[PDB]
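Participant: Data: model16.pdb, PDB, C-alpha atoms and all ligand atoms.
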```
ATOM      1  CA  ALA Q   1     -11.205   5.891   0.217  1.00  0.00           C
ATOM      2  CA  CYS Q   2      -9.217   7.349  -2.707  1.00  0.00           C
ATOM      3  CA  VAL Q   3      -7.587   6.237  -5.906  1.00  0.00           C
ATOM      4  CA  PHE Q   4      -3.838   5.716  -6.125  1.00  0.00           C
ATOM      5  CA  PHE Q   5      -2.284   5.390  -9.561  1.00  0.00           C
ATOM      6  CA  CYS Q   6       0.500   3.255 -10.908  1.00  0.00           C
ATOM      7  CA  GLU Q   7       2.344   2.946 -14.181  1.00  0.00           C
ATOM      8  CA  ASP Q   8       2.080  -0.335 -16.116  1.00  0.00           C
ATOM      9  CA  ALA Q   9       2.666   2.356 -20.422  1.00  0.00           C
ATOM     10  CA  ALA Q  10      -0.912   2.501 -19.049  1.00  0.00           C
ATOM     11  CA  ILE Q  11      -2.235   4.387 -16.024  1.00  0.00           C
ATOM     12  CA  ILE Q  12      -3.908   2.031 -13.561  1.00  0.00           C
ATOM     13  CA  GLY Q  13      -6.006   3.266 -10.631  1.00  0.00           C
ATOM     14  CA  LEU Q  14      -6.300   1.364  -7.384  1.00  0.00           C
ATOM     15  CA  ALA Q  15      -8.962   2.090  -4.949  1.00  0.00           C
ATOM     16  CA  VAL Q  16      -8.064   2.229  -1.395  1.00  0.00           C
TER      17      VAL Q  16
ATOM     18  CA  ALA J   1       2.459  -5.435 -11.168  1.00  0.00           C
ATOM     19  CA  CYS J   2       2.858  -1.659 -11.635  1.00  0.00           C
ATOM     20  CA  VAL J   3       4.896   1.199 -10.292  1.00  0.00           C
ATOM     21  CA  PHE J   4       3.463   3.608  -7.740  1.00  0.00           C
ATOM     22  CA  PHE J   5       5.323   6.844  -7.107  1.00  0.00           C
ATOM     23  CA  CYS J   6       5.969   8.846  -3.993  1.00  0.00           C
ATOM     24  CA  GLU J   7       7.560  12.165  -3.181  1.00  0.00           C
ATOM     25  CA  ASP J   8      10.695  12.196  -1.003  1.00  0.00           C
ATOM     26  CA  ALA J   9      12.167  16.418  -3.480  1.00  0.00           C
ATOM     27  CA  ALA J  10      12.874  13.208  -5.456  1.00  0.00           C
ATOM     28  CA  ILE J  11      10.426  10.930  -7.267  1.00  0.00           C
ATOM     29  CA  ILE J  12      10.647   7.369  -5.969  1.00  0.00           C
ATOM     30  CA  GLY J  13       8.971   4.431  -7.723  1.00  0.00           C
ATOM     31  CA  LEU J  14       7.725   1.388  -5.871  1.00  0.00           C
ATOM     32  CA  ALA J  15       6.933  -1.753  -7.618  1.00  0.00           C
ATOM     33  CA  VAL J  16       3.874  -3.539  -6.665  1.00  0.00           C
TER      34      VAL J  16
ATOM     35  CA  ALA V   1       9.476   7.350   4.063  1.00  0.00           C
ATOM     36  CA  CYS V   2       7.753   9.206   1.197  1.00  0.00           C
ATOM     37  CA  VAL V   3       4.376  10.588   0.293  1.00  0.00           C
ATOM     38  CA  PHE V   4       2.065   8.738  -2.074  1.00  0.00           C
ATOM     39  CA  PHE V   5      -0.901  10.614  -3.494  1.00  0.00           C
ATOM     40  CA  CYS V   6      -4.439   9.596  -4.247  1.00  0.00           C
ATOM     41  CA  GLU V   7      -7.442  11.204  -5.860  1.00  0.00           C
ATOM     42  CA  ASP V   8     -10.564  11.772  -3.737  1.00  0.00           C
ATOM     43  CA  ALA V   9     -11.594  15.845  -6.649  1.00  0.00           C
ATOM     44  CA  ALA V  10      -8.943  16.559  -3.971  1.00  0.00           C
ATOM     45  CA  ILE V  11      -5.315  15.427  -3.840  1.00  0.00           C
ATOM     46  CA  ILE V  12      -4.599  13.480  -0.660  1.00  0.00           C
ATOM     47  CA  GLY V  13      -1.067  12.586   0.454  1.00  0.00           C
ATOM     48  CA  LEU V  14      -0.280   9.485   2.456  1.00  0.00           C
ATOM     49  CA  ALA V  15       2.911   9.093   4.245  1.00  0.00           C
ATOM     50  CA  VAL V  16       4.616   5.850   4.053  1.00  0.00           C
TER      51      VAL V  16
ATOM     52  CA  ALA A   1      10.935  -5.223  -0.037  1.00  0.00           C
ATOM     53  CA  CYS A   2       8.742  -7.974   1.563  1.00  0.00           C
ATOM     54  CA  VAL A   3       5.582 -10.076   1.477  1.00  0.00           C
ATOM     55  CA  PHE A   4       2.385  -8.536   2.802  1.00  0.00           C
ATOM     56  CA  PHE A   5      -0.664 -10.757   3.278  1.00  0.00           C
ATOM     57  CA  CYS A   6      -4.356 -10.262   2.671  1.00  0.00           C
ATOM     58  CA  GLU A   7      -7.533 -12.255   3.187  1.00  0.00           C
ATOM     59  CA  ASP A   8      -9.376 -12.959  -0.075  1.00  0.00           C
ATOM     60  CA  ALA A   9     -11.626 -17.018   2.076  1.00  0.00           C
ATOM     61  CA  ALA A  10      -7.896 -17.645   1.453  1.00  0.00           C
ATOM     62  CA  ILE A  11      -4.802 -15.785   2.665  1.00  0.00           C
ATOM     63  CA  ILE A  12      -2.764 -14.393  -0.248  1.00  0.00           C
ATOM     64  CA  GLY A  13       0.656 -12.799  -0.149  1.00  0.00           C
ATOM     65  CA  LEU A  14       1.764  -9.752  -2.033  1.00  0.00           C
ATOM     66  CA  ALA A  15       5.205  -8.831  -2.839  1.00  0.00           C
ATOM     67  CA  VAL A  16       5.683  -5.250  -2.131  1.00  0.00           C
TER      68      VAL A  16
ATOM     69  CA  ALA K   1      -2.785   5.363  10.504  1.00  0.00           C
ATOM     70  CA  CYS K   2      -1.495   1.916  11.685  1.00  0.00           C
ATOM     71  CA  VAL K   3       1.160  -0.792  11.528  1.00  0.00           C
ATOM     72  CA  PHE K   4       1.026  -3.250   8.648  1.00  0.00           C
ATOM     73  CA  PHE K   5       3.281  -6.309   8.737  1.00  0.00           C
ATOM     74  CA  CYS K   6       5.291  -8.129   6.111  1.00  0.00           C
ATOM     75  CA  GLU K   7       7.469 -11.221   5.949  1.00  0.00           C
ATOM     76  CA  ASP K   8      11.063 -10.439   4.947  1.00  0.00           C
ATOM     77  CA  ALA K   9      12.631 -14.741   7.227  1.00  0.00           C
ATOM     78  CA  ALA K  10      11.550 -12.106   9.791  1.00  0.00           C
ATOM     79  CA  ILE K  11       8.239 -10.287  10.277  1.00  0.00           C
ATOM     80  CA  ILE K  12       8.637  -6.510   9.894  1.00  0.00           C
ATOM     81  CA  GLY K  13       6.096  -3.814  10.610  1.00  0.00           C
ATOM     82  CA  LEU K  14       5.398  -0.778   8.521  1.00  0.00           C
ATOM     83  CA  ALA K  15       3.826   2.319   9.650  1.00  0.00           C
ATOM     84  CA  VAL K  16       1.318   3.363   7.166  1.00  0.00           C
TER      85      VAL K  16
ATOM     86  CA  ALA X   1      -8.804  -7.134  -4.295  1.00  0.00           C
ATOM     87  CA  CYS X   2      -8.587  -8.267  -0.606  1.00  0.00           C
ATOM     88  CA  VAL X   3      -8.447  -7.353   3.075  1.00  0.00           C
ATOM     89  CA  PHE X   4      -5.104  -6.315   4.524  1.00  0.00           C
ATOM     90  CA  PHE X   5      -4.770  -5.947   8.294  1.00  0.00           C
ATOM     91  CA  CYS X   6      -2.980  -3.472  10.511  1.00  0.00           C
ATOM     92  CA  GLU X   7      -2.412  -2.995  14.224  1.00  0.00           C
ATOM     93  CA  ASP X   8      -3.850   0.289  15.523  1.00  0.00           C
ATOM     94  CA  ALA X   9      -4.136  -1.701  20.226  1.00  0.00           C
ATOM     95  CA  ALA X  10      -6.741  -3.254  17.883  1.00  0.00           C
ATOM     96  CA  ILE X  11      -6.355  -5.120  14.585  1.00  0.00           C
ATOM     97  CA  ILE X  12      -8.139  -3.320  11.730  1.00  0.00           C
ATOM     98  CA  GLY X  13      -8.731  -4.545   8.210  1.00  0.00           C
ATOM     99  CA  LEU X  14      -8.386  -2.548   5.053  1.00  0.00           C
ATOM    100  CA  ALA X  15      -9.948  -3.288   1.837  1.00  0.00           C
ATOM    101  CA  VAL X  16      -7.446  -2.875  -0.832  1.00  0.00           C
TER     102      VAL X  16
HETATM  103 CL    CL B   1      -1.810   1.993 -22.713  1.00  0.00          CL
HETATM  104 CL    CL B   2      -9.643  -1.042  -7.592  1.00  0.00          CL
HETATM  105 CL    CL B   3      16.194  14.942  -6.130  1.00  0.00          CL
HETATM  106 CL    CL B   4      10.708  -1.460  -5.908  1.00  0.00          CL
HETATM  107 CL    CL B   5     -10.951  19.764  -3.544  1.00  0.00          CL
HETATM  108 CL    CL B   6      -0.319  10.484   6.457  1.00  0.00          CL
HETATM  109 CL    CL B   7      11.230 -10.687  -0.364  1.00  0.00          CL
HETATM  110 CL    CL B   8       2.434 -10.647  -5.856  1.00  0.00          CL
HETATM  111 CL    CL B   9      -0.001   3.924  15.002  1.00  0.00          CL
HETATM  112 CL    CL B  10       8.250   1.953   9.039  1.00  0.00          CL
HETATM  113 CL    CL B  11     -12.691  -8.870  -0.841  1.00  0.00          CL
HETATM  114 CL    CL B  12     -11.509  -0.120   4.595  1.00  0.00          CL
END
```
Mind turning this structure into C-alpha cells?

Facilitator:
Amino acid sequence: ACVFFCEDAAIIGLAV
Amino acid sequence: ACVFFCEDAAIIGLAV
Amino acid sequence: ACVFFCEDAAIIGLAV
Amino acid sequence: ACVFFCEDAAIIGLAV
Amino acid sequence: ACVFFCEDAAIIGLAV
Amino acid sequence: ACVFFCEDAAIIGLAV
C-alpha cells in the first residue's frame, strides 16, 4: 500500500 | 471531499 | 486515463 | 463521474 | 490491476 | 475507510 494525496487548502493523505 | 491529481502532460484534478 | 501518484520513500504511479 | 460502493457491515456509496 | 464498478442508471466498469 | 471490490476471474477486495 501507498499514500495518495489530495487537496482540501490542506494536504490530506489517503492510504491505499 | 478533496481533489486528487493525475498526470495526462496536463494536470487533471479529480474530486473525491 | 491518467497517472495518479502515491508515496511508498518511492514515488509509485497508478494508471487510471 | 459515478457512484462506487464499499463495504463498511453496511454498503456505502462514494461519489467519484 | 482489476475492474472496479460504479453506478452511473447503468453499471460501468473501470480499469484500475 | 472501507472495502471496495474489483473483478480480476475472481472478485478481490481493496481496503481503501
Ligand atoms: Cl491547512
Ligand atoms: Cl487513510
Ligand atoms: Cl497541457
Ligand atoms: Cl471531478
Ligand atoms: Cl526509493
Ligand atoms: Cl498501473
Ligand atoms: Cl452520478
Ligand atoms: Cl460521497
Ligand atoms: Cl484486468
Ligand atoms: Cl476504463
Ligand atoms: Cl474497514
Ligand atoms: Cl488491500

Participant: Give as a list in words the residues surrounding ligand CL 7 (chain B) up to a distance of 8 Å, considering only C-alpha atoms and all ligand atoms.

Facilitator: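 Counting only what the definition allows, namely only C-alpha atoms and all ligand atoms, the set is residues 1, 2, 3, 15 and 16 of chain A; 7 and 8 of chain K.
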
Participant: Residues contacting ligand CL 5 (chain B) - anything with an atom at most 9 Å away, using all atoms listed in the file - can you give me those as a list in words?

Facilitator: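 So, counting all atoms listed in the file, the residues near ligand CL 5 (chain B) are residues 8, 9, 10 and 11 of chain V.
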
Participant: Return as JSON the box centre and box size in Å, one decimal, for an axis-aligned box around all listed atoms of segment 1-12 of chain J padded by 3 Å per side.

Facilitator:
```
{"center_x": 7.7, "center_y": 5.5, "center_z": -6.3, "size_x": 16.4, "size_y": 27.9, "size_z": 16.6}
```

Participant: Measure the distance from atom CA of residue 13 of chain K to atom CA of residue 14 of chain J in Å and round it to one decimal.

Facilitator: 17.4 Å

Participant: In Å, with one decimal, what is the gap from atom CA of residue 4 of chain J to atom CA of residue 6 of chain V?

Facilitator: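 Atom-to-atom, atom CA of residue 4 of chain J and atom CA of residue 6 of chain V are spaced 10.5 Å apart.
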
Participant: In Å, rounded to a single decimal, give me how far atom CL of ligand CL 9 (chain B) is from atom CA of residue 12 of chain V.

Facilitator: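 Interatomic distance, atom CA of residue 12 of chain V to atom CL of ligand CL 9 (chain B): 18.9 Å.
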